[PDB]
Amino acid sequence: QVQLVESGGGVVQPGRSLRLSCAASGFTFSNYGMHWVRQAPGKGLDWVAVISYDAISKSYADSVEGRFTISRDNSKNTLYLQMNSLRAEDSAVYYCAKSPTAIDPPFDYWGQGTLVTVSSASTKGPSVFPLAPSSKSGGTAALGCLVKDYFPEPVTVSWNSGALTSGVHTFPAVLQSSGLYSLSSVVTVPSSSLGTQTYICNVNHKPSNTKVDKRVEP
Amino acid sequence: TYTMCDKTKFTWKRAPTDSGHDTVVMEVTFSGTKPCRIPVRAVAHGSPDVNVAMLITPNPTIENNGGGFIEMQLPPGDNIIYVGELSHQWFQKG
Amino acid sequence: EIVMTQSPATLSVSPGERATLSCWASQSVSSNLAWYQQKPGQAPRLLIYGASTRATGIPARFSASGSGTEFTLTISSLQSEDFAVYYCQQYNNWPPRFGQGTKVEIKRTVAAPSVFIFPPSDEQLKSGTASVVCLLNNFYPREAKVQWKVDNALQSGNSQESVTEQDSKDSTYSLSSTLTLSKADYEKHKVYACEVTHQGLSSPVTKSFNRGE
Ligand code: NA
Ligand code: NA
């Protein structure tokens, strides 16, 4: 029943502005406080702002006071976060969070989050290169794909269109000095399988509309 | 500058009572996030839209350590005092 | 504001054992303390509110207690889905504040990595850059050291590393490291080697190839 869908995330250049929204359903939105919480990549949870059930009360974390504005439309069951003067350190997954009461925490339900990337880099689809299996990679051969120089996050990878899941490792991207990400995805397979089964990594980069399938051959 | 206290988290510490000096006094306990401004109002029975609580304590708050006292005047007749969702009937003499 | 501290930062326990997580407040937050669970790549979930009350659909092996400045969360008989990051949050005083989290990971025996090395592809090489990838597969514990050597010279500042979440099946970690040279520099050298130090290896393990060979 209770659902919180965020949207509005994306790339924004430093100093500029973004508005997030969160559409609520499955509960009487107008009876409950709503909060925004954010989480930078790999860091802890970070409270941002609150708005009371009736919009009369708002409070902000100190790191965003005077730059963010929280608001809500109770006839549209929608929560908003207007973010001005964005800084690189504002980059995070932003969650809307429901209160079980009129304003206070705790947070009984959470959205899936929306990714805000504050950066000057241009969107770019990844180049996908094969990590070929060799002797240099007993009964086991490793192979994979190197997903290089894309922006922004995220990218998804599958092997044989989702049919090869066992033994697959898709690693967290690293941010290179260029401001672009790279990631690798590897599979361990029986080394006798190289001579019979095809291995093809599927790389999808929704932000740049890139879709790539590299075949990885010995 | 304070948010309004979460209206679900009040109980009576001292219920509405006559102060002697022509006012109504009361104490509340608040179990939520502090500090905050106490939402307080009252209505004449059958007149739910018109607040009639005349506050002598005009800005009652729960502080980090104290607060909870409210003083008001009310019109004659059957009234209901609300502190958040917490209520108490108060009949007022003429 | 209130500073919330959690201890320890990481807790390794075997399945079926009990995990006790601590949460400290710089000043009293009465009983207005909540606990959250967050699994890799997912939104957090409320576990405990009011210091000791279980949220709905939370199983009984989760219990919590405390008031004032010290709170504990206890997980009895850890099940594989219980392994995640746990955050406390005080909400006695605005602004509500999260602690920094405690990672609960599965403890297992020491497992040495399998090391594989990947030369740059010919497609990347015609683009003017060369990436050499070293893979450390299925090791425990998480700490591992990878050194890049190019014609036996230790490399510095030209590599980046990444580590997966704990594998739910065998409780191991995997690590990928990329060494990036320009095509010109890559063609000036011959031996490219990845040297792996880890607790399950009697001595460091080197995997290498010869460019062209
Ligand atoms: Na409150
Ligand atoms: Na926080």
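Residue numbers (the authors' numbering), protein chains in the order written: chain H, 1 to 52, 52A, 53 to 82, 82A to 82C, 83 to 100, 100A to 100C, 101 to 130, 133 to 213; chain E, 303 to 396; chain L, 1 to 213. For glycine and all other residues, C-beta sits at the position ideal for the given N, C-alpha and C.
- Contact note: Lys309/E reaches chain H through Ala98, using a C-beta cutoff of 7 Å and chain order.
- Boundaries of the alpha helix (DSSP H) harbouring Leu125/L: 122 to 126, taken from the DSSP string.
- Here the alpha carbon of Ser161/H sits roughly 20 Å from the alpha carbon of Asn199/H.
- In this structure, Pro126/H sits away from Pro202/H, with a CB-CB distance that is not shorter than 8 Å.
- In the displayed model, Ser128/H falls within coil according to three-state DSSP, outside both helix and strand.
- If you measure from each CB to the nearest heavy atom of ligand 2, the residues under 6 Å come out as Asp46/H, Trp47/H, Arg97/L, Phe98/L.
- Sorting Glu105/L, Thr53/L, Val150/L, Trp94/L by C-alpha distance to the C-alpha of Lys190/L places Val150/L at the top.
- Listed along chain E, the residues sitting closer than 8 Å to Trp94/L by beta-carbon distance are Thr305, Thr335, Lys336, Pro337, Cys338.
- Relative to ligand 1, the nearest heavy atom lies less than 7 Å away from the CB of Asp100/H.
- Bridge pairing for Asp46/H: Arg38/H [DSSP].
- Take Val2/H, set aside five residues on each side of it, and the residues of its chain with a beta-carbon closer than 6 Å to its own are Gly26, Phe27, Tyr102, in chain order.
- Per DSSP, the beta-bridge partners of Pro185/H are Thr135/H.
- In the DSSP assignment, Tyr91/H falls outside any alpha helix (DSSP H) and lies within the beta strand (DSSP E) extending over 88 to 94.
- A distance below 8 Å separates the beta carbons of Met374/E and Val326/E.
- Contact with chain L is absent for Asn381/E, since none of that chain's Cβ atoms lies less than 8 Å from the residue's Cβ.
- In this structure, ligand 1 has a non-hydrogen atom nearer than 7 Å to the beta-carbon of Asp308/E.
- Relative to the non-hydrogen atoms of ligand 1, the Cβ of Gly334/E comes within a distance shorter than 7 Å of at least one.
- The beta carbons of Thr107/H and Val89/H sit closer together than 8 Å.
- In the DSSP annotation of this structure, the continuous segment of the beta strand (DSSP E) that includes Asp208/H starts and ends at 205 to 210.
- If the five residues before and after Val352/E are omitted, its C-beta is found closer than 6 Å to no C-beta atom of its own chain.
- Listed along chain H, the residues sitting closer than 8 Å to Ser162/L by beta-carbon distance are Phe166, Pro167, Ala168, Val169, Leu178, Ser179.
- When secondary structure is reduced to three states using DSSP, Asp72/H falls in the strand class.
- Each residue's CA atom was taken as its position, placing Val85/L and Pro119/H some 31 Å apart.
- Ligand 1 has a heavy atom closer than 7 Å to the beta-carbon of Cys338/E.
- Less than 8 Å divides the Cβ of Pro15/L from the Cβ of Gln79/L.
- Boundaries of the beta strand (DSSP E) harbouring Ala344/E: 342 to 346, taken from the DSSP string.
- Here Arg83/H is near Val111/H, since their CB atoms are less than 8 Å apart.
- Taking a Cβ-Cβ cut-off of 8 Å, the neighbours of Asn366/E in chain L comprise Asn93, given in sequence order.
- Counting along the chain, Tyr140/L sits inside no alpha helix (DSSP H), nor does DSSP assign it H or E at all.
- Against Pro149/H, chain E offers no close residue; the least beta-carbon distance is about 34 Å (beta-carbon pairs closer than 9 Å).
- With a beta-carbon spacing of about 6 Å, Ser162/L and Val169/H fall inside the 8 Å limit used to define contacts.
- Annotation: Cβ neighbours of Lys143/H in chain L (cutoff 7 Å, chain order): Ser131.
- As DSSP reads the structure, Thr178/L sits in a beta bridge with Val133/L, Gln160/L.
- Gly10/H and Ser187/H have their alpha carbons spaced roughly 44 Å apart.
- The contact set of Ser56/H on chain E, defined by CB atoms closer than 7 Å, consists of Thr305, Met306 in chain order.
- If you compare the alpha carbons of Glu105/L, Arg61/L, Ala130/L with that of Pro8/L, the shortest gap goes to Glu105/L.
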